[PDB]
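As written, the chain order gives the labels A, B, C, D, E, F, G, H, I and J, with residue 1 at the start of each chain.
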Amino acid sequence: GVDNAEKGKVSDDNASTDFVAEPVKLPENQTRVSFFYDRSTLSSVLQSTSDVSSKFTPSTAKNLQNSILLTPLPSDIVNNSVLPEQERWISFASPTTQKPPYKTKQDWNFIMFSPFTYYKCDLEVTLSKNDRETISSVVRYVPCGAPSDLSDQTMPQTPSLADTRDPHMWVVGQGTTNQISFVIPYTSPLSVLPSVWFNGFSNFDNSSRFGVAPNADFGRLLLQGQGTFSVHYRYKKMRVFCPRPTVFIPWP
Amino acid sequence: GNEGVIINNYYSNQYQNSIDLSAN
Amino acid sequence: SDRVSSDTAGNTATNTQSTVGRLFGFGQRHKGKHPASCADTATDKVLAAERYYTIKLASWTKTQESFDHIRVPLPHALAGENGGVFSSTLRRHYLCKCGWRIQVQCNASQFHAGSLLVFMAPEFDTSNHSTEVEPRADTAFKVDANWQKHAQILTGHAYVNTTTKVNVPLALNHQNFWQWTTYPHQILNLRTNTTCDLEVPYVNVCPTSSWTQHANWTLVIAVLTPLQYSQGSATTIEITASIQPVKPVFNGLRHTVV
Amino acid sequence: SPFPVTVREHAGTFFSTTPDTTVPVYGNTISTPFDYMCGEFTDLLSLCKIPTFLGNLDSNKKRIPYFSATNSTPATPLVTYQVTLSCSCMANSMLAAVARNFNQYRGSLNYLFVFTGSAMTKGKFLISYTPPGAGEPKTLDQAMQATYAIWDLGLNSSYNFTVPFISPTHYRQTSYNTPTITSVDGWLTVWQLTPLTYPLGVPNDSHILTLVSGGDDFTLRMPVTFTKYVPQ
Amino acid sequence: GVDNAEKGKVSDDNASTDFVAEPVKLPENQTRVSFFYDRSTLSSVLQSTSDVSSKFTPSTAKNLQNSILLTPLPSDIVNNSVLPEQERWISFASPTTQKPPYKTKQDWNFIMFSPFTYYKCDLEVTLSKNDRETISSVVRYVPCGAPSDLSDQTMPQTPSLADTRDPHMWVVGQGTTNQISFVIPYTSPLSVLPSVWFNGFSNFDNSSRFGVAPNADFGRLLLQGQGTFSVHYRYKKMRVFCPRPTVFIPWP
Amino acid sequence: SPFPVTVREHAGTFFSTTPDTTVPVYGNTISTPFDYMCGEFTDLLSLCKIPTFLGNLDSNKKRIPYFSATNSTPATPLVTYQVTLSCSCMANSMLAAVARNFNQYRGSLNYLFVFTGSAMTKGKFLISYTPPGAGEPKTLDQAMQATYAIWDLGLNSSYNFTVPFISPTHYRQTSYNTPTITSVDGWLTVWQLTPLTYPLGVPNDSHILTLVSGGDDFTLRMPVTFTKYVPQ
Amino acid sequence: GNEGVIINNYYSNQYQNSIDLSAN
Amino acid sequence: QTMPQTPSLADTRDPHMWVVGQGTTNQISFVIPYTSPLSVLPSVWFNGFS
Amino acid sequence: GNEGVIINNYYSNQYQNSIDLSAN
Amino acid sequence: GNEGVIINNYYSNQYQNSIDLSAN
């Protein structure tokens, strides 16, 4: 029937309003935000060429660092930063092809579908070795905004990443299954994280990169030991706020 | 959302999950 | 005696004097409930459509062998002009859901011999098998004009040329007629009865049918024992059928199909 | 004493969707309080029900959120939308954006039309929903033989039209390779019943905004990832 | 005793009806449909020659694809389709021998014995590596009729199949046992699936392959990583409808 | 604290028939409603009890669902079926089709005979079931010394004959390499007691349809896969 | 059919199995 | 084999076991019920023919 | 005979063992 | 002596340990 869209909202009708029909609703709850995001999606990749018992040193190789910034949003080395920082845009890895892979790390599924302005959740991380060679790796988890501590070994032949009280994981041997998984709590000093854009600066002299919020992440993952590892994120107890537009899709 | 296990979580609720708290 | 039976449906009525009862497939009847997959209130209880539509099917001769058969695709067999109001209403609706009440007729004499198997089968291949051509909208749901032989369906019939057929041992449209008796049926034994009465409910892969693309039910008349008779006995033995759509319900009213 | 165990054949497998949790490595941590927040929503369906813009084609094949109408009654529909959450027409609506991440839908669809012509302009449209089976309606005679509503212009600016969920199946696919009877459900066409009429000093062309969203009994199910593409 | 088969049904007798005998019935329930079909049967085979960290690309090699269509009925590349589709007939792999293997994939036990027209059930899938070389594979499960998403990697050196929210499995290492098993729910938009034939078309212009129902499957399995894997199906909570003939067997 | 476990010697083994389930990777999903359906059956035995056709040999060694009888009484049986669910005679009956997927059976077997001759044709048959031990019955004198029923033609067209379950063992094998006392149980032969009799103008040969199925107390057990073959 | 385990399923019934529902 | 490169023994509904990999312990064990059509089995001799 | 486990069998008794039945 | 487990032994006491018996 008639209505007035200028009001800001119109009724949600079913066939019975205008015609001789009945509602046809069937129970369903797979559309709940918590359920939808509570599943692992590829969100990053990591690579290391140094052994376990050595000093961890930030490195890049064909767009792959040996450390990661835990955030579904695009992250990568920004303007020669020591470690990956959150990006404001995505770029192709190749300077020619004009086709993916991208050089930036992110949860494609989150970026392509995040119809909200802010979000809150815990993060379940999964780290998998890309080949079947027996794993031998040490990973260090650093809470959001905490010191990276990229120091020297304090003792000979020991993994420097394990030389911390920070949560760290150590997997090695033919009894293992070449993967690691764990869940970390929301650690940002912010109440909720911006899911897409942050209309502001992060410092008092407004010199930072406009668009990036301060400490908008779940911490970082530093890795040492041989191999390339893919990373998955699973959003636990996911909560979203303020509906907003989805990424535009080219017209068919 | 995606909580389909009969037996209770092996880890405490305060450890398995972030502790939600109201500042008011 | 107790074999005299009359059945009314709208402005039509069938009558037999040698019935052996009515067999209800799956012991179910179409109750005429509206499909829960449609929001629009269905059009139903159309008396002009809930009747028996009678049509001639085939001539039975001594040349037919066991398992030679005639197929009647449903609802398509009645989607033509002779389908009356059932047809005219069906053609103007996207979806249709219904069961079938059927009586096939065939008389001979106390001196003739032979028997037919009358059955209803869901998802029973009605496509043309006298070609390697892909079945089309106007060739897939037609009432058989000639008796179908039996050998070419035991292992199915692939729509591929004769030379490829060699490397194709089985097709999903196979019909092991030795077990056709597992389908709701009745037997028309010339010495016993001249009619068979069946009824089946609505079955399909979904709540209601987009009939234009699917003939979910098929009425089949197959000979079990070849027709026999001596010189002097009537030679013209024909088979007929009265088909009634049971409580059909229609959804998705639109312009007619052509 | 130790418990005897039978290691299943899938040992070490990482199930991305297992309904179970993993080991907590930094527990007893408080989630930064956010009780002051507003605007939270818990069901993605909420988004699907927000009327969003359809992409109509401009005379120069450009995409615009409306279509034109004037002092005449064309023998063909002003616009035609195939009812599929896959329609290129609704490709950038919130409804389609959400539906792309689900396998099937069910329920009503709301097509909202907002007349933007002058207050002096009048006219009537016939919005029709034609179920499939006999193809797209070629004339007004055919269109009005299916589900339709006559929209008369006046004080109220918009018309909320509902495409009833008429399907052979309880659920319908969100997308498809080739159209099937479970992924394509007919067309919604809007015709000019009476010509748009108006006095002098009024532009001949009126613009009608077009939007879509899921109806009151609309639902989606089965979370999935849509065919990836390169933004541009 | 006497009866009349033309009725459509005759009595189920035991020795006591005509003779001086007793019923000899003993309890038994291994004939129940649910029990009978609740067991794993070989139903498909898969093969991949590309590594985990690479872009998945549909391929065929001696009648073996690197993706599968989940259905007990015959499936295979049909008329150069990108991925396997449900077939309407079975063909020998060899153009000469006139003997199996067949080039089409299916649960032979289901095809040879499916005395029903429609069926309903959940599917327990088992995937096993054909040799003892340490496994390193990623499998993606795509619900019935959902997008295959055969896209490029969005990030370098990551398994593209894992770049999804779709249910996917990742097994690798010497701690694993070279197999994967899981159960998926019935996901077809159809209420029940046709077990043998579908007397109709799947599109409105009736141009599809007559005999094949629309979306009559349990989804698909895409695989990447080195190796050949055999697949088993187990029909959970199996329900069947409308009795129908079994496949004919040559006369001894 | 972690639980001590003793990994059994069969770690990683995939048991195709383990009575246990595996991990669900897409739960909380609704199975498309099918409450409207009819024709559901839950026991395969239902199928075994449906009388299905036996394959008799034609004069040209072709397979037909019946046998012939005329105005004479042969000194030999019209048909002979060895009671084994393995009989080539019932190879394509639903009973045999189902039995092929089970290891053993027990209970009655129903052999249904339907007279298709004219209404003017009369006659009597002697259907006999001879248990093994002394070989196949060579004469009517021998056949009538075992279990038998005399079938008289008339108003009722068919005769439902039951082969009593007479066995040294509680269960019997469905198939075999070589016949044993647990897989072969004798023969069912139908003889012409009196000649088929009729008036002039009636074809000399009458056709009797032959079918089989499990009786009221018939059961099968132990699901198995039968010897595979190439369809043709 | 082939359900021979004493202890209850570790996963919820709604997750372990498809959820059966009647449209009427 | 009904399909290329598959173990024909697994192409059955009969109970079958499949063990493979460095995570396994090179053995298999299981229990089967008495399945003979005989009530009891002869442990040594059977004074007769079959 | 050689049944020395405190906790009940994980598999049903009808599955773990052959089902004994009397024909009389 | 060196029995520090909360849950009872998985194996029967008659199997886990030698059965002590007095001849008088």
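Observations on the model:
Quick note on the criterion: contacts are C-beta pairs under 8 Å (C-beta built on N, C-alpha and C of every residue); 3 or more make two chains touch, one makes a residue touch a chain.
Counting hops only between chains that touch, chain D reaches chain J in a minimum of 1. A repeat of the F-G interface exists among F-I, D-J or B-D; more than half of the contact pairs are identical by residue number at B-D.
Distance from each chain's C-alpha mean to the overall C-alpha mean is smallest for E. Counting C-beta pairs in contact across F-G and across C-D shows that the higher total falls to C-D. If each chain is reduced to the centroid of its CA atoms, chain C and chain G end up 40 Å from each other. Between the Cα centres of chain E and chain G there is a gap of 22 Å. If you average the CA atoms of chain D and of chain G, the two centres end up 35 Å from each other.
Multi-chain contact residues of chain B (touching two or more other chains) are listed as 2-5, 16-19.
Listed for chain E are residues 4-6, 26, 32-36, 39, 41, 90, 98, 100, 108-109, 115, 117-118, 122, 126, 128, 134-135, 143, 152, 154, 162-165, 167, 169-179, 181-183, 185-187, 189-192, 202-204, 232, 236, 241-243, 245-248, each touching two or more other chains. Residue positions of chain D touching 2 or more other chains, listed in rising order: 1-4, 7-12, 14-17, 19-21, 23-24, 27, 29, 31, 33, 36, 101, 107-108, 132-133, 147, 164-165, 169-171, 181, 217, 221-223, 225-226, 228-229. For chain F in complex with chain I, the touching residues are 19-20, 170. Chain A meets chain G in the complex at residues 26-27.
Against chain D, in their complex, chain E makes its touches with residues 126, 128, 142-152, 154, 162-173, 175-177, 179-182, 187, 189-191, 202-204, 208, 214-215.
Interface residues of chain E, counted against chain C in their complex, comprise 4-9, 73-74, 87-92, 95, 98, 111, 115, 117-118, 190-194, 196-204, 206, 209-211, 213, 216, 241-248. Within the complex, the chain E residues that touch chain H are 39, 41-42, 44-45, 47, 62-64, 93, 100-103, 105-106, 108-109, 128-132, 134-135, 173-179, 228, 230, 232.
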